[PDB]
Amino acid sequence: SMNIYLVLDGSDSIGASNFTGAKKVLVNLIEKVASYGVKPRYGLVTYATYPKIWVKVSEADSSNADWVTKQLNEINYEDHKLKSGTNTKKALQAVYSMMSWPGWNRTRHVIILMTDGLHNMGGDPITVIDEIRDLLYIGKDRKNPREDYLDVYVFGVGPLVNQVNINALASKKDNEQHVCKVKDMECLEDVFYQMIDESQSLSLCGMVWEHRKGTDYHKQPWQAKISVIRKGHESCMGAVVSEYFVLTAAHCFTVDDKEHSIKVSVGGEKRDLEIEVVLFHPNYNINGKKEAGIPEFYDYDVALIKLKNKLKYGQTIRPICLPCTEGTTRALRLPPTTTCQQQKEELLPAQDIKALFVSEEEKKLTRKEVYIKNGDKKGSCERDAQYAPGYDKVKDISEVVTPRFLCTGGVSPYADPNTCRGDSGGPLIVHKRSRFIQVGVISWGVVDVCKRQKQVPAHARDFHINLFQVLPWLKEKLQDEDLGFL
């Protein structure tokens, strides 16, 4: 159990612009905490001469991150009156009231105070912290000091901050920093990682460690690089979907590729991983429609690689969320009664869908933003497939562009970058609730525009396998991977 008390100075010396900026910091904090699957109870207080309580921890809705964010969003600087005074002592007493009683020893308390430290009313605020420590039995007995149950963070607001007062109120813990200037984004970023336990979220799909010290492996933890030694060697990308499986494209391999010639690499490890076997989608067949004028048919272009050794999740090796699983429901912060159709309506709505994929560019991994044409622009994106090499004589183009495909690329609504051969097998991702959900697998394209090319044609479209359209296979092959498919 955890309680987070947001206390915002709304006095005269803060000013409108910086008061709003302060809320932004808090809004972003709530969002990031929620993204980690953590559900604390929130206290929301603004103050000047007196405190104004917007949210109390005892309220049932205090643990609803959307509701709290809504409250914070509605708070207007001018709402808080009597700005000529600044009584920080009182602000902390309001927090004291939320803790006092008319399993307590199991609740952790985190106070986040945003002020310039210039109180000109009431006594010394330090006194209240002392009362709070006493109330929570902290620093009273060795072997049970319970220092872990309280954290007092003070974020200095504005250009004219009184460093001494701010330092005085903040917790004092070894190897930790509890004081930050609001504009010092490095410090604020470090605070988060001192507050939330990374361990409690290792089993969560679509998670990324976003710290500034992070590497490409940290930013794309699910990313797997696949090598096939043959003839000309093959290179494909893939995504970790479970401790044993990596999802990629079927065309990356042939029935003539032997297990030992296929190596997988993850997490920035120097070593390669050995595979047990490749599971091609049963309906995949690149020569299945030659008669219809389709030299290579990419329908059902997906495959699951079962590794020999089970992976262990860490900040450089994590699974990406898959459609219609309980993991994606939680990642989206939706009730347990959510259905596959509902996740679909949320992830793949009938419109241009903001999405992204990853592309290696000379050792480094980069994110490419694209738009999935799933609205009244879809038919046009698909028809451009008629301009693909070897597809000039396909009778009905909808015979090559099956319902299994998602379509991206083009100049509308935006100039979409294109996938390169090396990106094939990689995941087409949707970024929601600060989490990453895989909606497709990079398969093929119409125009060869890879270095990425200068300017590309308006018909340079790319196709990807819609995971929603191969769910029965994913659910069947991954039934024992504890992913909780719906």
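Numbering starts at 1 and follows the sequence shown.
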What lies unmodelled of the deposited sequence between residue 230 and residue 231 amounts to 1 to 3
In the entry, residues of the deposited sequence missing between residue 102 and residue 103 amount to 4 to 9
Comparing mean C-alpha B factor in the record for 433-441 and 55-63, the higher one is 55-63
For 451-459 versus 22-30, entry-based mean Cα B-factors point to 451-459
Per the deposited entry, the peak Cα B-factor within the set 80, 281, 143, 219 goes to 143
The largest CA temperature factor among 260, 109, 212, 89 is found at 260
Of the three thirds of the chain ranked by Cα temperature factor, residue 151 occupies the lowest
Of the three thirds of the chain ranked by Cα temperature factor, residue 185 occupies the highest
Among the modelled residues of its chain, the C-alpha B-factor of residue 318 falls in the third labelled lowest
Here the Cα B-factor of residue 245, set against its chain, lands in the third termed lowest
Residue 357: C-alpha B-factor third of its chain, per the entry, is the lowest
